[PDB]
Amino acid sequence: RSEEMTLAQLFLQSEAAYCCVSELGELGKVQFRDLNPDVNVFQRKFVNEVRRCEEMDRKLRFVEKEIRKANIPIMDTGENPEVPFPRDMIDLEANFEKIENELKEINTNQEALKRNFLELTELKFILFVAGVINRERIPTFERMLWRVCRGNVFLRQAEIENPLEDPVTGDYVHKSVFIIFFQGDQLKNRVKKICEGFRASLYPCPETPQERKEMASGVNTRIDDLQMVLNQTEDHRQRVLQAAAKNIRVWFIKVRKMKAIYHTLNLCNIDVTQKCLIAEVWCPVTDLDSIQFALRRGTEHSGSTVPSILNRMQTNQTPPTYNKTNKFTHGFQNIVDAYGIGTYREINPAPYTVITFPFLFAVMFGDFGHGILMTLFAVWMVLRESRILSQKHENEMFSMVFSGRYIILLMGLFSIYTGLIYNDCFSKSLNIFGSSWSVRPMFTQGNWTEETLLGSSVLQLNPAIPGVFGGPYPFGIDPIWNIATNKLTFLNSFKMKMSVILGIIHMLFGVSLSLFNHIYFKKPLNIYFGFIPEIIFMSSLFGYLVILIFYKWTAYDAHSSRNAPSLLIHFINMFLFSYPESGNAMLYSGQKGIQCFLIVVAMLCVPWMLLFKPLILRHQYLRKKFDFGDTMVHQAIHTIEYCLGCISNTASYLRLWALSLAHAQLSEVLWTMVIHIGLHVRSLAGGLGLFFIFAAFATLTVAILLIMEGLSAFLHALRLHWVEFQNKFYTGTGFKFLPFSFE
Amino acid sequence: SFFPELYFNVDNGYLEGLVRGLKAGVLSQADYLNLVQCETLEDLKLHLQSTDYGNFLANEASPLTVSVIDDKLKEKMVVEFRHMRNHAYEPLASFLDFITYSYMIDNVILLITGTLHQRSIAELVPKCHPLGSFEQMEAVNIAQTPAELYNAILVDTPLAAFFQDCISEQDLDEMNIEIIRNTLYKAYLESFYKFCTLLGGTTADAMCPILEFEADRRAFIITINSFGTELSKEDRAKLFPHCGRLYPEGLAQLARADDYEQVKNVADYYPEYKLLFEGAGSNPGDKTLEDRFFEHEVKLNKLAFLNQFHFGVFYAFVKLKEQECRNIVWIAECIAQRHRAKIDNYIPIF
Amino acid sequence: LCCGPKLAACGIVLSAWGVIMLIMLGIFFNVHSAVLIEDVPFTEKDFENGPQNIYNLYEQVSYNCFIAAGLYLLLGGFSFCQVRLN
Amino acid sequence: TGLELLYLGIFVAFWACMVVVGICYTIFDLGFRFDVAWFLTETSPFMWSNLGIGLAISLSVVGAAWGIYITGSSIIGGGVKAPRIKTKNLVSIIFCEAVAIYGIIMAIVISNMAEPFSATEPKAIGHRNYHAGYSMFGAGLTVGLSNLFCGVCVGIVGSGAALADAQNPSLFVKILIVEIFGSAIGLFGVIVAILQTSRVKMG
């Protein structure tokens with residue numbers, strides 16, 4: 001298993017247990033759990049320190065908010081400090097309060113800022129009332145006057161461009177100036193109420209001719225805003241004091257650390273008599289030496305000179321699971337853990353997944369050039385790892401791309417391979433060491449001459465075996481198929497058969513792997529009435545199809561093209577138990593008895609998984625002296641789920657054929673009408689136009705097939721791993737480790 | 001092959017998922033059981049930190065008082081409601097505007113009574129609910145005759161759609177404001193019922209009983225509280241709603257009542273209000289009738305949530321959320337005064 | 001400076017790809033003498049006399065590949081020069 | 001609603017025209033011009049075959065899309081306050097696609113048996129080709145409609161289960177029973193579409 005024992009208790013209360021738990025947290029190899037009573041959060045032995053810490057965090061949050069509004073960057077590259085537990089910390093927080101207090105008075109000086117605007121708005125009336133209204137409410141405002149003034153008054157408007165700041169919050173808002181000519185005082189009061197609803201506070205009452213009041217107002221605003229820029233020395237002082245952000249970000253780290261320490265020490269027992277302040281810990285086995293070394297360090301920092309240790313104990317709880325990853329397995333373990341967390345000692349699926357995932361991808365993405373591009377990107381990203389890791393990047397997509405380094409590498413390698421095996425290389429085969437199909441000089445023997453005069457309008461099928469034809473290409477698909485107009489038929493047959501065969505072995509792998517999972521856990525019932533019926537059912541139902549496909553491949557020659565038996569109809573008759581006297585010859589002699597026995601064993605599989613094991617559970621419960629109906633319901637659910645998932649999964653494995661054929665068609669389509677036009681008769685303009693055309697080809701094949709169809713195949717293979725493969729051996733339940741390590 | 005089964009999600013699935021997610025954020029009974037055990041407002045703050053009502057009081061509220069908690073909870077409510085409304089489509093937008101017209105009416109009535117108390121002008125603003133706020137909320141102070149009120153409200157607030165014709169007077173006083181309230185309320189309720197039954201489907205099924213009960217409760221309250229007034233019996237008949245099951249009762253028995261026993265006899269023929277009145281002993285040692293009204297409203301609202309294609313679960317959600325706010329602030333007020341007379345009189349929602 | 005490195009790196013890899021692929025396609029045309037499997041495109045509506053016209057025309061077609069390769073290589077050199085402008 | 005009124009108008013006009021035309025023709029002793037034999041013998045079997053082939057995938061894809069959206073919208077919306085439901089509730093989507101997988105397999109199976117002939121008159125074509133075309137059309141229609149209604153029901157119950165699971169973890173594992181019982185009707189549709197065309201020998 002991952003661990004042998006994980007519930008040892010080696011912690012005892014001391015007068016400086018804070019330092020012990022702090023150093024243990026520094027170790028970052030433990031998790032804490034206690035407080036079964038689940039007492040309220042405000043009945044705690046250490047509530048006052050948590051409240052103090054919360055106050056420090058609130059003050060700190062306020063100052064960092066103010067700093068970030070100053071747009072002053074903070075640098076955090078120093079060391080990780082050690083928390084000063086003795087009362088010195090108290091003095092420190094005292095200083096911090098002073099800092100906050102300064103900020104308070106600075107906001108009091110922002111009262112002055114409001115006064116400034118009470119004059120800048122005044123400047124906008126440089127030109128029987130006048131005032132200032134929010135622009136966004138200009139229409140509705142006008143509406144009101146038309147209904148209350150009843151059109152007996154008149155008004156005019158003026159606009160400002162630069163936004164005016166908000167004194168309280170600091171947000172920018174837009175405004176406008178208005179001037180109303182009235183005919184009575186009752187209307188002045190009515191529009192005074194409306195303007196109280198619209199905030200037209202200011203009022204430059206006319207006294208003198210235009211020039212005199214204009215210049216008086218100008219001199220007034222000039223003195224006012226001059227005094228404001230003179231009072232901006234307070235903003236200067238604010239910046240000078242804010243410059244000390246570096247001296248307090250370290251304190252932020254320290255404050256979070258001590259807060260975590262006190263929060264975790266709160267979990268200890270609810271008693272202190274005889275120094276019974278104890279907290280239970282999950283810790284692995286390979287790291288006990290560092291843990292007791294940490295305890296020795298904690299006692300060293302303490303002046304009490306006590307062992308501060310306790311004896312081992314064991315209970316029957318559920319331990320958490322931790323996958324100990326290294327530079328290589330991490331990228332693939334994180335991919336599987338994203339869907340479900342393994343139980344205590346679940347058969348780890350990363351060791352097999354790490355390879356069978358890019359293989360299925362390459363079956364889905366079997367092209368040479370694209371694979372080469374992917375492996376080149378992998379080489380680039382692997383070789384430059386050190387610099388990129390020590391670098392800040394705004395592209396989160398690139399971060400999650402960079403996570404799957406060896407994923408993309410192995411994916412590209414197997415993609416190159418499967419490009420070689422199909423003899424697919426940018427949708428065209430590579431005739432390497434010979435073709436064996438078309439030999440026209442030999443074809444003239446079989447009454448094949450002069451037809452090509454009508455060849456200008458016919459197709460003239462090639463037969464199999466006029467005497468020297470056929471023959472196996474030693475490696476991959478014969479290149480001639482790439483140019484044949486009926487290539488789709490043979491390609492469809494071959495790809496469908498390969499996909500179905502691949503899918504059946506994947507599933508049997510799943511169930512054989514499950515047999516390991518059950519035998520370790522000492523569950524004889526599960527092996528005896530579990531694995532066996534399901535494996536027999538899977539085999540009898542589809543290993544027969546695999547073997548039949550291979551028999552048909554290795555049995556029937558070219559001359560038997562008449563009445564060549566069809567396997568799919570035989571499978572429909574396998575399901576429907578129908579035997580017509582004619583219409584389909586037997587593939588091999590004696591099929592009746594074997595096929596009938598296959599049907600009968602397939603039928604006999606299902607009841608074995610329904611009645612026997614709930615009844616044996618009932619018998620064990622009777623021997624003990626368990627809702628029987630609920631157990632029957634669960635067993636029926638399990639059996640029906642498995643039996644229907646059989647057909648559903650074998651049918652869903654056709655995605656391999658589907659996407660492989662779609663990929664081949666897409667690549668051929670790109671070849672057909674992007675670069676085909678690039679080759680022509682022009683003696684001089686060939687390379688010039690082809691340069692543009694191939695540039696476009698490169699961009700388009702990068703955009704669509706390189707990153708995208710790769711993603712679709714990637715996620716489809718992930719799904720095939722999550723459901724069709726994993727659910728047959730993978731419980732997918734339990735906890736995940738939550739270490740005590742800090743940031 | 002009907003409305004709610006096959007194209008309900010295209011415009012409502014995300015929002016309904018969000019609402020039913022936020023339903024679980026409403027505090028439960030055990031939360032109350034442990035929240036009534038606080039010693040001071042700081043403990044209430046902390047126990048709210050431990051649940052979904054946490055991380056909304058990170059201000060420098062050293063002199064914490066229950067008014068601050070009330071303000072912050074109301075702010076949270078309006079924030080969530082504005083969120084839910086802005087992401088909505090058009091029929092649902094009509095639904096939510098129909099909901100908020102009630103609080104808009106409340107604010108209009110509040111400012112109308114404020115005009116009579118001329119001594120307060122600006123202080124009315126913090127008293128008004130920001131949920132029911134609109135562009136021309138504070139303009140109501142201008143009017144001094146109801147025709148002027150219709151002139152102010154006709155402009156851009158659709159509230160005029162409920163009293164453009166229904167108010168005819170030119171002498172605003174402190175006694176007719178209740179007439180304005182009742183007329184607006186009955187018009188709003190009738191319009192809402194008609195719109196809900198026009199929408200059809202499960203929305204009509206969900207919203208018809210609630211508005212029915214609402215109209216009947218308004219009828220009962222107005223019948224009980226009309227005693228000792230200048231209004232005549234025919235005018236009391238004029239203000240009854242016609243959306244309840246008390247439509248013949250509205251002129252047949254309630255309109256000729258003379259005492260409380262008569263109202264009890266009216267209620268006696270319908271079990272739903274008869275049990276409600278019998279349980280409402282109205283004694284000093286027992287809960288009043290208003291408490292039973294609130295509890296029945298809460299029960300029906302809780303029932304209203306269970307409907308997969310409820311185009312109007314937002315009504316139940318907002319009513320329940322207001323009720324949680326009231327429960328929390330009342331318990332905090334009781335705790336702040338250092339007395340335990342009425343801590344165990346909280347209506348147990350969820 | 002001109003033609004900043006941010007796109008010049010992409011341009012350089014594109015130019016290298018262009019040079020390599022065009023050179024290889026031209027060599028495949030010439031060495032195999034344009035086998036119809038690897039070389040469908042051509043321009044001739046009359047070839048019934050003999051194959052020599054077909055071979056000559058396919059050599060003519062394959063010639064343009066090296067001009068394309070030269071243009072791609074010059075593009076790569078230009079992009080590399082723009083990268084050095086720091 | 002204007003669109004519903006338009007549909008009702010077209011439908012009512014169509015049926016009124018049918019009724020009036022039928023009555024006047026029957027009263028007019030003109031039953032010799034209603035020779036349904038010519039109507040169902042001029043039509044080529046290949047038209048019936050190819051219509052069935054198209055529908056047998058089209059309607060299945062329509063149902064799959066319906067269920068996909070109906071469950072996905074609720075799954076995505078309800079996980080905001082509970083991200084735990086993203087991966088637990090992926091069974092419904094899987095079944096919504098398994099419907100289309102069955103549809104494609106059936107399309108492949110029925111797509112066989114398409115060997116042309118040379119006859120151009122009803123007396124020369126024979127009974128066998130007529131039977132083939134009709135049977136293939138019927139199989140395509142039934143499989144398509146069965147999988148359509150199947151996918152719709154699956155999507156609705158998947159949405160319900162996904163939305164309810166966010167309240168309590170111990171709900172979904174038992175609410176998936178209706179989800180699994182959804183697919184049986186589509187399976188039955190596939191079986192009947194198989195059986196209807198098990199004796200066609202077109203060619």
# chains A, B, ... in the order shown; residues from 1 in each chain; ligands from 1
$ interface_residues --of "chain A" --to "chain C" --cutoff "6 Å" --atoms "only C-alpha atoms" --output "number ranges by chain"
A: 483, 681, 686-687, 691
$ write_last_selection --atoms "C-alpha atoms" --output "PDB file, in the first residue's frame"
ATOM      1  CA  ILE A 483      -4.608   6.759 -55.025  1.00  0.00           C
ATOM      2  CA  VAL A 681       2.340  25.380 -65.579  1.00  0.00           C
ATOM      3  CA  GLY A 686       5.335  28.762 -59.523  1.00  0.00           C
ATOM      4  CA  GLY A 687       7.515  29.277 -56.475  1.00  0.00           C
ATOM      5  CA  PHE A 691       5.317  30.435 -51.087  1.00  0.00           C
TER       6      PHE A 691
END
$ select_by_dssp --residues "range 4-191 of chain D" --states "helix (DSSP H, G or I)" --output "ChimeraX atom specification"
/D:4-27,36-42,45-78,85-88,91-111,122-125,127-165,172-182,184-191
$ closest_atom_pairs --of "range 119-226 of chain B" --to "range 81-85 of chain B" --cutoff "12 Å" --atoms "only C-alpha atoms" --output "tab-separated table"
residue	atom	partner	partner_atom	distance
B:130	CA	B:82	CA	10.6
B:131	CA	B:81	CA	8.1
B:132	CA	B:81	CA	11.1
B:133	CA	B:82	CA	11.8
$ interface_residues --of "chain A" --to "chain B" --cutoff "10 Å" --atoms "only C-alpha atoms" --output "PyMOL selection string"
chain A and resi 39-43+51+54-55+57-59+61-62+137+140-141+143-148+189-198
$ write_last_selection --atoms "C-alpha atoms" --output "JSON list (two decimals), in the first residue's frame"
[["chain", "number", "residue", "atom", "x", "y", "z"],
["A", 39, "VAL", "CA", -18.18, 22.51, 19.52],
["A", 40, "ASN", "CA", -19.17, 26.00, 18.42],
["A", 41, "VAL", "CA", -16.38, 28.14, 17.02],
["A", 42, "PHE", "CA", -16.85, 30.74, 19.80],
["A", 43, "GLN", "CA", -16.47, 28.22, 22.63],
["A", 51, "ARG", "CA", -9.85, 37.31, 17.36],
["A", 54, "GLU", "CA", -8.50, 38.50, 12.69],
["A", 55, "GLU", "CA", -8.03, 42.11, 13.79],
["A", 57, "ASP", "CA", -5.63, 40.65, 9.16],
["A", 58, "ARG", "CA", -8.34, 43.30, 8.86],
["A", 59, "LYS", "CA", -5.87, 46.12, 9.50],
["A", 61, "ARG", "CA", -6.05, 44.10, 4.44],
["A", 62, "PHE", "CA", -6.98, 47.77, 4.72],
["A", 137, "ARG", "CA", -30.23, 61.48, -15.59],
["A", 140, "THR", "CA", -35.72, 62.00, -17.13],
["A", 141, "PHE", "CA", -34.98, 65.32, -15.41],
["A", 143, "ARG", "CA", -39.33, 64.99, -18.44],
["A", 144, "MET", "CA", -40.24, 66.16, -14.94],
["A", 145, "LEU", "CA", -40.07, 69.84, -15.80],
["A", 146, "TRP", "CA", -42.30, 69.34, -18.83],
["A", 147, "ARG", "CA", -44.92, 67.86, -16.49],
["A", 148, "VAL", "CA", -44.64, 70.32, -13.58],
["A", 189, "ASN", "CA", -39.49, 76.03, -5.05],
["A", 190, "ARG", "CA", -40.94, 73.14, -7.09],
["A", 191, "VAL", "CA", -37.80, 72.90, -9.20],
["A", 192, "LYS", "CA", -35.77, 73.32, -6.01],
["A", 193, "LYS", "CA", -37.39, 70.11, -4.78],
["A", 194, "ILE", "CA", -36.72, 68.46, -8.15],
["A", 195, "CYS", "CA", -33.11, 69.68, -8.05],
["A", 196, "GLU", "CA", -32.81, 68.34, -4.51],
["A", 197, "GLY", "CA", -33.81, 65.09, -6.16],
["A", 198, "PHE", "CA", -31.10, 65.62, -8.81]]
$ atom_distance --atom1 "CA of residue 566 in chain A" --atom2 "CA of residue 101 in chain D"
21.7 Å
$ interface_residues --of "chain A" --to "chain D" --cutoff "12 Å" --atoms "only C-alpha atoms" --output "VMD selection string"
chain A and resid 337 to 341 492 to 493 496 566 to 573 575 to 580 582 to 584 630 633 to 634 636 to 638 640 to 642 644 to 645 647 to 655 658 716 719 to 720 722 to 724 732 to 733
